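Presented below, as structure tokens, is a lone chain in the form deposited in one PDB entry.
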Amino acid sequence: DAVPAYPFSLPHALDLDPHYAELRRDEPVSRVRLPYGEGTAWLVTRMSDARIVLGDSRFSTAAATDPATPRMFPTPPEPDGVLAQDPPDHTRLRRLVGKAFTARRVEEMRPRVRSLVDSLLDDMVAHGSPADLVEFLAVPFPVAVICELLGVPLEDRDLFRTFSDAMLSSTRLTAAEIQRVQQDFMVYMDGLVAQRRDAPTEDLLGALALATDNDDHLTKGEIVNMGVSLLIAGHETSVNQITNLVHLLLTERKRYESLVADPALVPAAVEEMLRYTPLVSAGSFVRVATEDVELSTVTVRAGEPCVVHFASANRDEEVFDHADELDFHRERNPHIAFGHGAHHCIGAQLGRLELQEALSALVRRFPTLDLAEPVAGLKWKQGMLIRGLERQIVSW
């Protein structure tokens, strides 16, 4: 083919491909072939182009549901998915559940959440050093939180985790495998909301079931798909992001010691580490211009698709000083770790709360925390659209 394959390469730990910094400098918007659908997409590497592709009404995610649209993942996007709804229906779909995810209702969770983190750190001191931080904190903590929030039975963790890993496949699985799991996840979630039909609950699944009986603008598929989106995102992001921030802290240990030194640096350290880490391994859900749109170096034509690399916008030397350097004393940090525009993460305040409480708790109660397995053998998850560790053995 004429144009290059994206992703450019199999990923390495949390390392940014050095082609991203080259593209930022000399070819900020470049033709790429995505691993699925047909044709070519524009890859967007710098912050101001990213803010436009994510920000502007001229770009449609709905339009990207066409099976022939380029995408990073094997199944054509599900049309009832939030990510694939354009405003204003997108705005109506997000109000179903938005109430619960406002910064103010998330601040109210801090105590419940800080207890939870204390129990799990109790059970780790009980087991004794070494222990797998994945096993004792990363997985059970966030899984417990969205289970309480959604009203999903904690006893289903092995069930929904397996569905959730399959639906975040890049290469590990095939279209037919994933499409199968989508159907199961749909039918499962449809069943959990169904149980609320006679017995409404003080729950987001509760709210989703209420919405199914009375709403006239949203399909049952949209409302139920909402519950799967929140159950996947609500654990998959935080589970990976706790291993990623711990990996960044302990592999140049000065950082971890800087937070043990001052545990009030932890909210700023979280934002800085959200900026620094390619949690999304490559690309994004795709946006198709509905009209000509001007970017820094090119006019994207109506019908041309675009894809963003969040981690590369977060390294743009024209908005962050010493961008390739980890710094907890940055005066300003306008990162897009949580996206931008209508699809800006609903969970951003929750993911902040969960990461703050996990790191505060560690950095206060375990000053002696060190990686007790070698860097070279670290089990980075492979062939998923997200990055994170399968395990993280730590001593103290």
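Numbering starts at 1 and runs along the sequence shown. Shifts are known only where both forms have a C-alpha. Each form is matched to the other, and the largest set of C-alpha atoms that superpose within 1.5 Å is called the rigid core.
Another form, the form deposited in another entry, is not on view; read the next lines as being about it.
- For the set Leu259, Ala131, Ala289, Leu149, a Cα shift of at least 2 angstroms between this form and the one not shown, after rigid core superposition, holds for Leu149 and for no other residue.
- Put the two forms on the same core and the Cα of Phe320 is off by less than 2 Å between this form and the one not shown.
- Fitting the two forms on the rigid core leaves the C-alpha of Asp203 displaced by at least 2 angstroms between this form and the one not shown.
- Superposition on the rigid core between this form and the one not shown places the CA atom of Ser119 less than 2 Å from its counterpart.
- In the other entry, the CA atoms of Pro153 and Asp80 move apart by 3 angstroms or more relative to this form.
- Between the C-alpha atoms of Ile223 and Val106, a gap narrowed by no less than 3 Å is obtained in the other entry, as opposed to the form on display.
- Where the rigid core is used as the reference frame, consecutive stretches of 3+ residues with C-alpha displacements of 2 Å or more between this form and the one not shown occur at 92-101, 147-229.
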